[PDB]
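This report concerns only the one structure given below.
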Amino acid sequence: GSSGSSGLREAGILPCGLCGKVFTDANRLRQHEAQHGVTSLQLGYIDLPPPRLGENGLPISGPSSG
Ligand SMILES: [Zn+2]
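At position 16 of the sequence shown the residue is numbered 294 (the authors' numbering), and the sequence of numbers has no breaks.
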């Protein structure tokens with residue numbers, strides 16, 4: 279005697295626990311999850327962030343003050 283796969287497709291609909299949105303259709307929420315990246319990497323969108331934060335042009339010993 280042991281269980282297996284006897285029943286129905288009972289998943290469970292719930293509101294997006296990442297941004298705070300609410301969904302009713304599993305298929306609809308499945309797409310929204312992509313926006314965040316739930317175990318996936320959704321790319322193709324346009325992005326143009328600022329340049330990295332770094333600099334150069336300094337000595338090796340530094341200033342001798344103290
Ligand atoms: Zn969300």
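Using N, Cα and C, we set each Cβ at its ideal position, and we do this for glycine too.
Once the 5 residues before and after residue i are set aside, which same chain residues still bring their CB inside 7 Å of it?
i: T302; result: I291
i: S318; result: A312
i: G285; result: none
Does DSSP classify residue i as helix, strand or coil?
i: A312; result: helix
i: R287; result: coil
i: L307; result: helix
Residue i and residue j: beta carbons closer than 8 Å?
i: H314; j: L336; result: no
Spatial neighbours of residue i within its chain, please: C-beta separation below 8 Å, excluding the five flanking residues on both sides.
i: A289; result: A304
Does the Cβ of residue i lie closer than 7 Å to at least one heavy atom of ligand 3?
i: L296; result: With respect to small molecules bound, the structure shown includes ligand 1 and not ligand 3.
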